[PDB]
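First comes one chain, alone, set out as structure tokens in the form deposited in one PDB entry.
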């Protein structure tokens, strides 16, 4: 209605008149309070904001600035949120007081000073800051208003100004202006300082190399496949090769900043358009050697060039460190392992000579705190792939572990000699500590409040695994059991791992309540899906990661990818209630390092026949790639362990011998032949005595059905065929299972593994488990190679037992990647 100002205006500017208090419809309003307003544009029924400023413009209007809140429904929580709970966000507006519905009351629920020891009309409340882009619940900032700020204080305006000034490119020191163009010394953007002589990441389309690409050769169809010798090849019109890096992008371009120039705009320097001319760096796969010489070289070795190219400062992804070999005060192994984005070069590459030099002298550089490991409790430890990676980050000593499966707990003790491993049921053991008992029946000391500083685990996946056919279920579940451990112990850091479909299970409900509980605990928290193949292994393995940090700590961000990977497998987005959420990761284009492949994974292992049982055989050679050198160490070790194969049936064995070697091969290439096996057993041909209404007749007029369902009828028993080389069940239900692609399939050397399983079977849903050339299933060591386990890591039990230990495991590279991000928050 009519709205009058209260008291003398405070901190008025020459063109804007801030006040202190106002009265709406005979109400009382002042800085600190909060206000409701009805929307014009959204599905929401009402908005809630916070007062900020109190100014009347010279135009005659009276407006005020408003720091909007966030209903729990507006967040990832949705309907499971607390209807009395709000969150702080980075939305802010300046608004006329006539839109004020009227005054609300929101109270700040700060975490207790005894927070780590707990866990045994309408009035709103807030406790944490929400960022809708990456779905991150963070503790609110602690910066305060001063004399300059008291009338304008808007935390959302400050976060916007600090972030935008951070993101803006800026020239720091400029050398000399020449005829309209000003040359620069040092520039910066996104908080990164760039100077002359630094190297820099650029996308692959930034510049080419002067060595001409070899692309004229094209591969036509080899021949028309016979449809009676190969009566199931017709199911391969897919033109899709599983686990192949043909669509894998090329890694970052790297150049040495020769010089920086730009332009002018309105008398001042045009910082928005900065140009960089660099010396191109040659990845070994960019020389005339290209990929076929790219097998033994390190992933961070480059080749100096004198070629030049001009690129925009806008395309700079980041800055990397590249040094010449002889100038380093330490080794190259200790230099590469001392930090990220660290490259090196020993020679130089001439485009015309196609030889390697001593690089010129203008490429040579100038001269031409004990970290406390965190006491960690690893629930569902398995073999310890998750805890091993955290150790590789050097941030944690896992003191306790819970693993009900016996072979997994034993293998865990083998690799962690200072961990008290419980084989109890996790909920049986937690109840023991709630009863006040010190040890279990065997005398193992139970961890108490204050002992564990980080809690991590990977609960069973078989419930949310998108492979198997078949509220208080969540309240009795194992993931809620893992949540009361964090509720009881109140650790400083929390990490939960599961398969990517963990956050789409039951219409995304399980995660909606998984973070719903952490925020009621006052925990900072966030989630996201990560591809293990982006962090050093040759396996597509998307796993959902839930991070959480105590209010006194800083919430970690997700690790940014190190290796490029096939794009169809790095789709890391997550949709919940039509709101798409992403991780804080900024590397989608490409990455610093080449993708890890199967040859970098297994090319050094000796040839074994199907059914290997020798648990300790010698290496007949030395590491053949950078990846193998990482897992075998540099110390002399001749014994290769766990390189054993499953003993398959003579029928299955015969099937694998007839799988072609060429990439993409699988069961659909098997011949319809008769082979006789061991003793007097005979493998029969497959009879096609039924019409396939959908698949029709063959090139030879033969039929393509093996049962009566192929004609639309009910499946008839006794039409089932046995001991066939072409398995009977795959053409049986192939039409509605994408022709069972990948089964009895081979990995390719230039490709990568699928998600490595707990039991490798060529006729299971993920059956791409044949060796690229050998007629055998993948061995236990080859699986942990694809899982990133060092060759020093040991497992326990029979062949199947140690297989499942590898399959259930978090890849240590993924855990090391995450672990490093947690260390960054340990500082300051």
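Residue numbers count along the first chain shown, from 1. For the two forms, the rigid core is made up of the largest set of C-alpha atoms that agree within 1.5 Å on superposition.
One more form of this protein should be noted, the form deposited in another entry, which is absent from this view; the next part is about it.
In a fit on the core, which one among 710, 454, 429, 757 has a Cα that moves 2 Å or more between this form and the one not shown? With the rigid core superposed, the residue that stands out is 710.
Align both forms on the core first, then report whether residue 691 has a C-alpha shift of 2 Å or more between this form and the one not shown. Yes, residue 691 moves 2 Å or more.
Indicate whether residue 113 shows a C-alpha shift of 2 Å or more between this form and the one not shown, with the rigid core used for the fit. It does not, since the residue 113 C-alpha is displaced less than 2 Å between this form and the one not shown after the core fit.
On a rigid core superposition, would residue 218 pass a 2 Å threshold for CA movement between this form and the one not shown? Yes, shifts by 2 Å or more.
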